[PDB]
Amino acid sequence: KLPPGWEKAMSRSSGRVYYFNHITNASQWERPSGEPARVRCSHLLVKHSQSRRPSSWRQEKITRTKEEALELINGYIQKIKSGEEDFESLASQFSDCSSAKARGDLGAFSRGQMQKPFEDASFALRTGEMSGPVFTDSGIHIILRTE
Ligand SMILES: Nc1ccc2c(c1)COC2
């Protein structure tokens, strides 16, 4: 039927079909379009109190709850999708990952190097596509596949 991970759903408020990907947590109104050894991605990480290391270059002690970190993630996605903000400006300013200094870019990588939920989402993304919230032991990620 549809590309890997994609399912049809109904909007509760509007009643129109949309498409949701349970690997990437992407969701959109349009029917998705159309595996390589390596992909290249950037990401924006928001850490929380149950992160494996609740510390970042932005905050020595990160205290926010998981739920608060998800709200931050959901807000950044909205601003990226509306075009008020570029993914890069938000990653550089707000990612709790040291890759913030490189606009979130992690370089190229293959399966077997990243934490599994991040890896699965990265390889299910198409070039140019962006994930929804992706949960790992580091925190919550927005992922942008660049190559
Ligand atoms: N900080 C950070 C960078 C890359 C990854 C994770 C955390 C979790 O798995 C992939």
# chains A, B, ... in the order shown; residues from 1 in each chain; ligands from 1
>>> residues_around(residues="residue 62 (chain A)", least_positions_apart="2", cutoff="10 Å", atoms="only C-alpha atoms", output="PDB file with C-alpha atoms, in the first residue's frame")
ATOM      1  CA  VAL A  46      15.595  18.341  24.234  1.00  0.00           C
ATOM      2  CA  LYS A  47      16.775  16.589  27.389  1.00  0.00           C
ATOM      3  CA  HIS A  48      14.749  15.953  30.514  1.00  0.00           C
ATOM      4  CA  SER A  49      15.235  14.783  34.089  1.00  0.00           C
ATOM      5  CA  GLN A  50      15.137  11.081  33.123  1.00  0.00           C
ATOM      6  CA  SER A  51      17.729  11.525  30.351  1.00  0.00           C
ATOM      7  CA  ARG A  53      22.911  12.390  31.235  1.00  0.00           C
ATOM      8  CA  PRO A  54      20.638  15.242  32.473  1.00  0.00           C
ATOM      9  CA  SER A  55      23.251  17.837  31.552  1.00  0.00           C
ATOM     10  CA  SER A  56      24.000  19.843  28.421  1.00  0.00           C
ATOM     11  CA  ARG A  58      22.836  24.841  27.745  1.00  0.00           C
ATOM     12  CA  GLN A  59      22.217  23.721  31.325  1.00  0.00           C
ATOM     13  CA  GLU A  60      24.540  22.108  33.843  1.00  0.00           C
ATOM     14  CA  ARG A  64      12.511  19.677  33.126  1.00  0.00           C
ATOM     15  CA  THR A  65      10.080  16.778  33.066  1.00  0.00           C
ATOM     16  CA  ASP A  96      20.787  19.976  24.206  1.00  0.00           C
TER      17      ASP A  96
END
>>> closest_atom_pairs(of="chain A", to="ligand 1", cutoff="6 Å", atoms="only C-alpha atoms and all ligand atoms", output="CSV")
residue,atom,partner,partner_atom_place_in_ligand_line,distance
A:97,CA,ligand 1,1 (N),4.8
A:114,CA,ligand 1,10 (C),4.3
A:115,CA,ligand 1,9 (O),3.8
A:118,CA,ligand 1,9 (O),5.3
A:136,CA,ligand 1,8 (C),5.7
A:138,CA,ligand 1,7 (C),5.2
>>> select_by_dssp(residues="region 24-115 of chain A", states="helix (DSSP H, G or I)", output="ChimeraX atom specification")
/A:66-82,87-94,98-102
>>> closest_residue(among="A:40, A:52, A:31, A:22", to="residue 107 (chain A)", atoms="only C-alpha atoms")
A:40
>>> closest_residue(among="A:87, A:101, A:29, A:110", to="residue 15 (chain A)", atoms="only C-alpha atoms")
A:29
>>> atom_distance(atom1="CA of residue 128 (chain A)", atom2="CA of residue 102 (chain A)")
17.6 Å
>>> residues_around(residues="region 6-9 of chain A", least_positions_apart="6", cutoff="9 Å", atoms="only C-alpha atoms", output="JSON, numbers by chain")
{"A": [16, 17, 18, 19, 20, 21, 22, 23, 26, 27, 31, 32]}
>>> residues_around(residues="residue 132 (chain A)", least_positions_apart="3", cutoff="7 Å", atoms="only C-alpha atoms", output="list in words")
residues 24, 25, 26 and 142 of chain A
>>> atom_distance(atom1="CA of residue 141 (chain A)", atom2="CA of residue 95 (chain A)")
8.9 Å
>>> closest_residue(among="A:33, A:108, A:94, A:43", to="residue 4 (chain A)", atoms="only C-alpha atoms")
A:33
>>> residues_around(residues="region 34-39 of chain A", least_positions_apart="6", cutoff="12 Å", atoms="only C-alpha atoms", output="PyMOL selection string")
chain A and resi 1-4+6+105-114+118-129+143-147
>>> select_by_dssp(residues="region 32-139 of chain A", states="strand (DSSP E or B)", output="VMD selection string")
chain A and resid 38 to 46 105 to 110 130 134 to 135
>>> write_last_selection(atoms="N, CA and C atoms", output="PDB file, in the first residue's frame")
ATOM      1  N   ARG A  38      23.886   4.165   4.171  1.00  0.00           N
ATOM      2  CA  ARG A  38      24.153   5.264   5.081  1.00  0.00           C
ATOM      3  C   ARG A  38      23.148   6.374   4.808  1.00  0.00           C
ATOM      4  N   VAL A  39      22.817   7.121   5.859  1.00  0.00           N
ATOM      5  CA  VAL A  39      22.054   8.355   5.742  1.00  0.00           C
ATOM      6  C   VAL A  39      22.780   9.410   6.563  1.00  0.00           C
ATOM      7  N   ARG A  40      22.501  10.669   6.251  1.00  0.00           N
ATOM      8  CA  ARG A  40      23.031  11.803   6.993  1.00  0.00           C
ATOM      9  C   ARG A  40      21.851  12.567   7.571  1.00  0.00           C
ATOM     10  N   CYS A  41      21.944  12.937   8.845  1.00  0.00           N
ATOM     11  CA  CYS A  41      20.846  13.611   9.519  1.00  0.00           C
ATOM     12  C   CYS A  41      21.382  14.712  10.408  1.00  0.00           C
ATOM     13  N   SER A  42      20.517  15.685  10.665  1.00  0.00           N
ATOM     14  CA  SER A  42      20.666  16.626  11.760  1.00  0.00           C
ATOM     15  C   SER A  42      19.588  16.352  12.794  1.00  0.00           C
ATOM     16  N   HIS A  43      19.774  16.889  13.993  1.00  0.00           N
ATOM     17  CA  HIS A  43      18.723  16.696  14.987  1.00  0.00           C
ATOM     18  C   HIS A  43      18.697  17.845  15.983  1.00  0.00           C
ATOM     19  N   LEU A  44      17.563  17.971  16.663  1.00  0.00           N
ATOM     20  CA  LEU A  44      17.395  18.873  17.793  1.00  0.00           C
ATOM     21  C   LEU A  44      16.982  18.011  18.968  1.00  0.00           C
ATOM     22  N   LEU A  45      17.789  18.025  20.021  1.00  0.00           N
ATOM     23  CA  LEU A  45      17.565  17.192  21.193  1.00  0.00           C
ATOM     24  C   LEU A  45      17.115  18.082  22.343  1.00  0.00           C
ATOM     25  N   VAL A  46      16.022  17.699  23.000  1.00  0.00           N
ATOM     26  CA  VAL A  46      15.595  18.341  24.234  1.00  0.00           C
ATOM     27  C   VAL A  46      15.700  17.288  25.325  1.00  0.00           C
ATOM     28  N   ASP A 105      23.872  19.016  12.836  1.00  0.00           N
ATOM     29  CA  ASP A 105      24.342  17.984  11.916  1.00  0.00           C
ATOM     30  C   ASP A 105      25.179  16.938  12.637  1.00  0.00           C
ATOM     31  N   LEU A 106      24.853  15.672  12.396  1.00  0.00           N
ATOM     32  CA  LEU A 106      25.559  14.539  12.977  1.00  0.00           C
ATOM     33  C   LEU A 106      26.479  13.849  11.982  1.00  0.00           C
ATOM     34  N   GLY A 107      26.468  14.267  10.726  1.00  0.00           N
ATOM     35  CA  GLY A 107      27.191  13.575   9.679  1.00  0.00           C
ATOM     36  C   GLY A 107      26.458  12.329   9.213  1.00  0.00           C
ATOM     37  N   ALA A 108      27.132  11.585   8.342  1.00  0.00           N
ATOM     38  CA  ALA A 108      26.612  10.321   7.841  1.00  0.00           C
ATOM     39  C   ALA A 108      26.863   9.197   8.842  1.00  0.00           C
ATOM     40  N   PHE A 109      26.002   8.185   8.798  1.00  0.00           N
ATOM     41  CA  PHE A 109      26.122   7.029   9.679  1.00  0.00           C
ATOM     42  C   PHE A 109      25.327   5.876   9.091  1.00  0.00           C
ATOM     43  N   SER A 110      25.625   4.679   9.570  1.00  0.00           N
ATOM     44  CA  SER A 110      24.953   3.474   9.114  1.00  0.00           C
ATOM     45  C   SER A 110      24.153   2.866  10.262  1.00  0.00           C
ATOM     46  N   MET A 130      11.383  15.281   7.712  1.00  0.00           N
ATOM     47  CA  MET A 130      11.582  15.564   9.122  1.00  0.00           C
ATOM     48  C   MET A 130      10.693  14.657   9.954  1.00  0.00           C
ATOM     49  N   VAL A 134      10.913  11.785  18.517  1.00  0.00           N
ATOM     50  CA  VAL A 134      11.560  10.476  18.586  1.00  0.00           C
ATOM     51  C   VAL A 134      12.206  10.339  19.956  1.00  0.00           C
ATOM     52  N   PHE A 135      11.909   9.238  20.653  1.00  0.00           N
ATOM     53  CA  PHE A 135      12.311   9.076  22.043  1.00  0.00           C
ATOM     54  C   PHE A 135      13.485   8.107  22.116  1.00  0.00           C
TER      55      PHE A 135
END
>>> decode(residues="region 62-89 of chain A", atoms="N, CA and C atoms", output="short mmCIF file (atom, residue, chain, number, x, y, z; two decimals), in the first residue's frame")
data_model
loop_
_atom_site.label_atom_id
_atom_site.label_comp_id
_atom_site.auth_asym_id
_atom_site.auth_seq_id
_atom_site.Cartn_x
_atom_site.Cartn_y
_atom_site.Cartn_z
N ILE A 62 19.83 19.69 34.14
CA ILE A 62 18.58 19.75 33.40
C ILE A 62 17.49 19.11 34.26
N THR A 63 16.47 19.89 34.59
CA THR A 63 15.45 19.48 35.54
C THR A 63 14.08 19.27 34.92
N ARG A 64 13.85 19.74 33.70
CA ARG A 64 12.51 19.68 33.13
C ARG A 64 12.01 18.24 33.04
N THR A 65 10.70 18.08 33.19
CA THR A 65 10.08 16.78 33.07
C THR A 65 10.04 16.34 31.60
N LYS A 66 9.95 15.02 31.41
CA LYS A 66 9.70 14.45 30.09
C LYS A 66 8.54 15.15 29.39
N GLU A 67 7.46 15.39 30.13
CA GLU A 67 6.28 16.00 29.54
C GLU A 67 6.58 17.42 29.09
N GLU A 68 7.35 18.16 29.89
CA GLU A 68 7.74 19.51 29.51
C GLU A 68 8.66 19.49 28.29
N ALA A 69 9.54 18.50 28.21
CA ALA A 69 10.42 18.41 27.04
C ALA A 69 9.62 18.08 25.79
N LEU A 70 8.59 17.25 25.91
CA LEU A 70 7.76 16.97 24.75
C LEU A 70 6.99 18.20 24.31
N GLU A 71 6.55 19.03 25.25
CA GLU A 71 5.87 20.25 24.86
C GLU A 71 6.81 21.18 24.10
N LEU A 72 8.06 21.28 24.56
CA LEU A 72 9.05 22.08 23.84
C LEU A 72 9.26 21.54 22.43
N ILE A 73 9.43 20.22 22.31
CA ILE A 73 9.59 19.58 21.00
C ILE A 73 8.39 19.90 20.11
N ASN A 74 7.18 19.76 20.66
CA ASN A 74 5.98 19.99 19.86
C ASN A 74 5.93 21.44 19.40
N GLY A 75 6.34 22.37 20.26
CA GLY A 75 6.41 23.77 19.86
C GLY A 75 7.43 24.04 18.76
N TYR A 76 8.62 23.44 18.85
CA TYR A 76 9.61 23.66 17.78
C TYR A 76 9.10 23.09 16.46
N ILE A 77 8.45 21.93 16.49
CA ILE A 77 7.92 21.36 15.26
C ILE A 77 6.91 22.31 14.63
N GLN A 78 6.03 22.89 15.45
CA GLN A 78 5.04 23.81 14.91
C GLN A 78 5.70 25.00 14.23
N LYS A 79 6.70 25.61 14.89
CA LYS A 79 7.38 26.75 14.28
C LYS A 79 8.17 26.36 13.04
N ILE A 80 8.76 25.16 13.00
CA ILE A 80 9.43 24.71 11.77
C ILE A 80 8.42 24.51 10.65
N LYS A 81 7.29 23.86 10.96
CA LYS A 81 6.29 23.56 9.94
C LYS A 81 5.60 24.81 9.42
N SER A 82 5.40 25.80 10.28
CA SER A 82 4.79 27.04 9.84
C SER A 82 5.77 27.94 9.11
N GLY A 83 7.06 27.66 9.19
CA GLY A 83 8.07 28.49 8.58
C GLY A 83 8.50 29.69 9.39
N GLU A 84 7.91 29.91 10.58
CA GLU A 84 8.41 30.98 11.44
C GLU A 84 9.87 30.77 11.78
N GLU A 85 10.30 29.52 11.90
CA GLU A 85 11.68 29.25 12.25
C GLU A 85 12.22 28.13 11.38
N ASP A 86 13.50 28.23 11.04
CA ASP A 86 14.20 27.16 10.34
C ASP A 86 14.64 26.11 11.34
N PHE A 87 14.70 24.85 10.90
CA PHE A 87 15.20 23.80 11.77
C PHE A 87 16.60 24.12 12.30
N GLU A 88 17.42 24.78 11.49
CA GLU A 88 18.81 25.02 11.84
C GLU A 88 18.95 26.05 12.94
N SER A 89 18.22 27.16 12.83
CA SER A 89 18.30 28.18 13.85
C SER A 89 17.85 27.63 15.20
#
